[PDB]
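Below you'll find the structure, written out as structure tokens, and then a few comments.
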Amino acid sequence: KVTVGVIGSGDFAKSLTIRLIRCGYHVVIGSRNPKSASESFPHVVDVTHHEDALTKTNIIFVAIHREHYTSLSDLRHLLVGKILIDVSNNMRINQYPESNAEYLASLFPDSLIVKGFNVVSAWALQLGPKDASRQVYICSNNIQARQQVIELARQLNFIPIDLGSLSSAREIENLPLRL
Ligand SMILES: NC(=O)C1=CN([C@@H]2O[C@H](COP(=O)(O)OP(=O)(O)OC[C@H]3O[C@@H](n4cnc5c(N)ncnc54)[C@H](OP(=O)(O)O)[C@@H]3O)[C@@H](O)[C@H]2O)C=CC1
């Protein structure tokens with residue numbers, strides 16, 4: 001089984017882990033408190049500290065909020081070359097001078113940041129997307145990473161919508177707030 005990483009242990013991380021297992025992946029979780037977080041996950045999930053989880057995969061969902069990204073800054077060297085999937089949303093349209101994915105890319109300039117899955121609810125990861133809204137919008141400045149995340153979306157039974165460069169991340173982040 002291919003191993004996919006998730007940083008965080010909240011509702012989104014738990015729901016993502018469900019879907020990843022159901023679709024045939026092995027999951028490693030990086031948590032600040034893995035002994036505590038371990039009960040929030042099945043025994044088949046490897047719950048560990050961030051620095052250990054990162055050695056077990058090259059593709060990591062960053063299932064934390066933007067305001068906590070700098071808590072990972074000391075991992076910069078270990079994260080070099082890894083795909084970081086920015087799943088985040090904000091509470092306001094155009095909240096910051098940069099999109100959350102561009103902010104994450106500025107913190108980890110030698111990682112490969114891909115925006116994706118922010119439009120998917122936790123409940124949708126558990127039950128599946130509605131048949132008329134299976135779409136997940138994906139973008140990145142790195143074409144190869146973008147295509148890997150597009151393929152992961154397909155394996156998770158979503159319809160990936162390729163919006164090209166990371167410049168698209170801002171309006172992808174605005175979309176849940178628009179109607
Ligand atoms: N909930 C949802 O339905 C959706 C959420 N999202 C996005 O997913 C991401 C997570 O959302 P959600 O699960 O609801 O968020 P939570 O508020 O549950 O936070 C998630 C994780 O953040 C981690 N973390 C929390 N604080 C810190 C910190 N101070 N430093 C380092 N890590 C920290 C915790 O992991 P730990 O304690 O294990 O370290 C925690 O389990 C967000 O970006 C959100 O916008 C996207 C679509 C839907």
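Just follow the structure's listing: the first ligand is 1, and inside any ligand the first atom is 1. We number each residue from 1, following the sequence as shown. When reading the values below, keep in mind they use all heavy atoms of this one structure, side chains included, and skip hydrogens, waters and symmetry mates.
When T70, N100, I64 are checked for heavy-atom proximity to atom 43 (O) of ligand 1, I64 turns out nearest. Between the choices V62, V119, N89, the shortest heavy-atom distance to atom 45 (O) of ligand 1 belongs to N89. Here atom 36 (P) of ligand 1 lies nearest to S31 when heavy atoms of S31, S71, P34 are compared. If you check each of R32, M91, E67 against atom 28 (C) of ligand 1, the one with the closest non-hydrogen atom is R32.
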Open item on the list: Pair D86, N100 - check side-chain hydrogen bond (donor to acceptor under 3.5 Å, both in side chains), show working.
Closed with: CA-CA 8 Å; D86 192 304; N100 295 2; 5.2 Å; no
- [ ] List the steps and the verdict of side-chain hydrogen bond (donor to acceptor under 3.5 Å, both in side chains) for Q155 and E151.
- [x] CA-CA 6 Å; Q155 293 300 325; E151 169 74 8; 3.0 Å; yes
Open item on the list: Please determine whether salt bridge (charged side-chain N to carboxylate O under 4.0 Å, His left out) holds for the pair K115 and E173, giving the CA-CA distance in whole Å, both sets of side-chain angles, and the decisive distance to 0.1 Å.
Closed with: CA-CA 9 Å; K115 185 77 199 186; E173 287 176 6; 2.7 Å; yes
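Against a heavy-atom cut-off of under 4.0 Å, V120 is close to the following atoms of ligand 1: 47 (C), 48 (C).
At a threshold of 4.0 Å, the pair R66-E98 counts as salt-bridged, since one of the basic side-chain nitrogens sits closer than that to a carboxylate oxygen.
A donor-acceptor contact under 3.5 angstrom links the side chains of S40 and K14, judged on distance only.
Residues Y103 and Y96 keep their aromatic ring centres 6.0 Å or farther apart.
Residue, atom and distance of the protein heavy atom nearest to atom 46 (C) of ligand 1 are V87 O, 3.1 Å. Protein heavy atom in closest approach to atom 40 (C) of ligand 1: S9 N, 4.0 Å. At the top of the distance list for atom 17 (O) of ligand 1, counting protein heavy atoms only, stands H65 CD2, 3.8 Å. Nearest protein neighbour of atom 13 (O) of ligand 1, counting heavy atoms only, is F12 N, 2.9 Å. Of the protein's heavy atoms, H68 CD2, 3.2 Å lies nearest to atom 29 (N) of ligand 1. Protein heavy atom closest to atom 10 (C) of ligand 1, with residue, atom name and distance, is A63 O, 3.3 Å. Closest to atom 3 (O) of ligand 1 among all protein heavy atoms lies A122 N, 3.2 Å.
For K56 (side chain) and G5 (main-chain N/O), no donor-acceptor pair under 3.5 Å exists by modelled atom type.
For a threshold of 3.5 Å applied to N or O pairs, the pair formed by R66 and ligand 1 contains no separation below that value. Residue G10 places at least one N or O, backbone or side chain, under 3.5 Å from an N or O of ligand 1.
Here the straight-line distance linking atom CD1 of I138 with atom CZ of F117 works out to 5.0 Å at 0.5 Å rounding.
Relative to the six-membered ring of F158, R134 misses at least one condition, a distance below 6.0 Å or an angle of at most 45° to the axis.
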